[PDB]
Every structure is written in C-alpha cells, then in structure tokens.
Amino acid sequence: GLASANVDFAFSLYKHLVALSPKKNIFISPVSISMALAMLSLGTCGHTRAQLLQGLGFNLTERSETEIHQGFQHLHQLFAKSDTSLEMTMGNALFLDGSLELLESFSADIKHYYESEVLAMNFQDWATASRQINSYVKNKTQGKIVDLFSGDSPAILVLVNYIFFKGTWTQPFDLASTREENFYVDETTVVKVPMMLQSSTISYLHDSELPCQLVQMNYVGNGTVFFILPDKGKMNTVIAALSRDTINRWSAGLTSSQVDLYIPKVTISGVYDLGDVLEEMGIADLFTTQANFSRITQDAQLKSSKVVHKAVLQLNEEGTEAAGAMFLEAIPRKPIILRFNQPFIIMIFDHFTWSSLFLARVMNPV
C-alpha cells in the first residue's frame, strides 16, 4: 500500500543522497518530496508519467492513478493543519507565468487532491518573482526556510511544497544536565557541542544483526523518532540496510531499558539538488527534451530544469523543530550509556500514517 511505497521511496532517496554527499549533513523530508512529485505526476503523460509513478514506488497494475492521489489527499488533509496530534503544517503551491494557462482537468486535480494554491507570476522579472516565492516559503515555514532561491536560472513554472514540524519530547532531557562535549566528526575533525542528557526508561535495542545501537523516543501526539548510532566506521553498513523490514524488525526488538541517553543539541541545514538523485532512481524523462508534461498546459511543451530541496533541523531539551521546502522548476522544451557523539541517523515518523516525515545523517551537529 501507500505507506509502504512512500517508505520505500524515502529510504532509496536517502540512500542515493548519502552516497553523493559523504561529508555533509543530510537532512531531508521524504514525505515532502513524495507529495510534490505525486502532484507533478498529474501533469505528466506517456512514458514520463509511467516512469515517475513507478519511481515513486507505485505499481500501476496494483493501483490506478486516482487511488494514488486520493491517498495523497488524505495525507495532506491529515498534515495540512497543525494541532496537538501532530504540530505540523504542509502545503503545495504552483507558481505560473502569466503567459501560461493550465488545462482545466489539471487545475481541478491539483486544487482537489493537493489543495495547491495557483499563483500567477511575471517570470521575465525573475528577481521579483524569485523573491516572492522566497517570502511565500519563508512565511509558510515560520521563518525557518529562507533564501530558497539563492541567486539562478529562470523558469516559467515553479512547483513548491513546504513542511513545518514541531515536536515536544514525551521524555524531556534534563536541563541542568547539559554540558559541552566533544563530537567526533571524523579522524581529523572534533567539534564542541552542547550534549543533552537524561537518565530514563527508554525503548532501546543493541542490534544483533547490524552493527548499531538505537533508541525510539515519542513526541507528544503521533510523532515518533528513532536515533540510531552505528558502531564507529560502520555508518554505510547500517544505512545500506534501512528498509520497511528493518523498521519492523527494530520495532519487534526494542525493549524498555534504563538508559543514560546523551544526544547533542543539533542545529543543521542542507540544500540538495535532487535531479541526479532522482535520475539515479530511474526518474529521468522529466528532465529531457522529450519530457511529456502535456496535462499541465497546451500553451507550451515543458521539461523540468531543476529540483531542489532545503531543510533545517533543531534539537533541544524540550523537543524538535524541523522544516523543509522543495521546488521543481520547469522551462519550455545497570543504566546503559548511549552517547551520540559522532555521526548518527535520525528517522522521524508519524506513527499514525507511518509517513517518513524527516530523515537525518548528522555528520556535524553544529
């Protein structure tokens, strides 16, 4: 089903991205990526469409296109408004040059399933246009995502998704306990970071099949988080093994344990060009001179010129704050001590839908 396809996409995207970005922090929102591309698929046809939907993990013989979008619609309905169940907002926008008219079916589809705003722009005045998109995203993400467009090949259509997430720990870290500690980035790199601590009953697992130890923490509401510490030098072994089956196997093994849990106060961000990642995943027609975007508009034959994702993560003693945005441009064609003081993995899930909300590879917490 949908949860599984979205999780499979999330792990593949993460895996491909980690490989191409060996030193830098990885922080992404796979649910945001899925939603943007799923909405985009509505404007595609032929091989382009087939390739995009299969790349996203949907088998078009096991499920019709309508059932995919109804599924995303439910997810957006669930994630659109913030509340205590999940303090998260998520939304889509289509920025369109004034010279272009959407096809009626596409227009209704994006509004219906994705509650997409459609906003007319003058992309010949690219400075103004990109600034307007920038402040749209800045405002939607409570100021967390700035300068989405940095300065910059113009486009005549820009699809935008954003996500803002707040999580309060069910088990907060001890305020008095926080101290500066070494964080071992790599063999030649040590940084100082505030290191949080709690001594608590926490769901813990020392994995017997993979070289890692992990905990699962809850947020107030439906959010839940896995913190996975590979044995030193074993990051790639653990990353390679991530899957639905691994999550389920970790869930079956996690036991209430007394843990002295050390996790740094993380403040990180990244910007990722997702085009080559997507091509590696088999999503390629999108970008070629034969891209089939014939359901978007008959005013031009379009192709995607660029897909970019920017995301930010903050961890503190009280909880988590995370935000993400994607754009796609188109143009004419004993207490157990567990110490997170070196590269680790973060997986944030909605426990209700089992959507992968955010995924981290924290190389440097500062």
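Don't overthink the numbering: it's just position in the shown sequence, from 1.
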(message) Going by the PDB record, how many residues of the deposited sequence fall between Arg333 and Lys334 without any coordinates: none, 1 to 3, 4 to 9, or 10 or more?
(response) 1 to 3
(message) Can you count the deposited residues that have no coordinates between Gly151 and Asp152 and report it as none, 1 to 3, 4 to 9, or 10 or more?
(response) 1 to 3
(request) Would you determine, from the values in the PDB entry, which of 75-83 and 274-282 has the greater average C-alpha temperature factor? (result) 75-83
(request) Quick one: say whether 58-66 or 295-303 has the higher mean Cα B-factor in the deposited entry. (result) 58-66
(request) Tell me which of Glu187, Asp174, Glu181, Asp207 tops the list for C-alpha B factor in the record. (result) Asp207
(message) Highest recorded C-alpha temperature factor, please, choosing from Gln342, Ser12, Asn25, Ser355.
(response) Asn25
(request) Check where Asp97 lands among this chain's C-alpha B-factors and tell me if it's the lowest, middle or highest third. (result) middle
(request) Report the third (lowest, middle or highest) to which the CA temperature factor of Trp126 belongs, ranking only the modelled residues of the same chain. (result) middle
(request) Give the position of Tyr219 by CA B-factor within its chain, expressed as the lowest, middle or highest third. (result) lowest
(message) Based on the deposited C-alpha B factors for this chain, I'd like to know if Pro230 is in the lowest, middle or highest third.
(response) lowest
(request) Classify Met196 as lowest, middle or highest third according to the C-alpha B-factor given in the PDB entry, relative to its own chain. (result) lowest
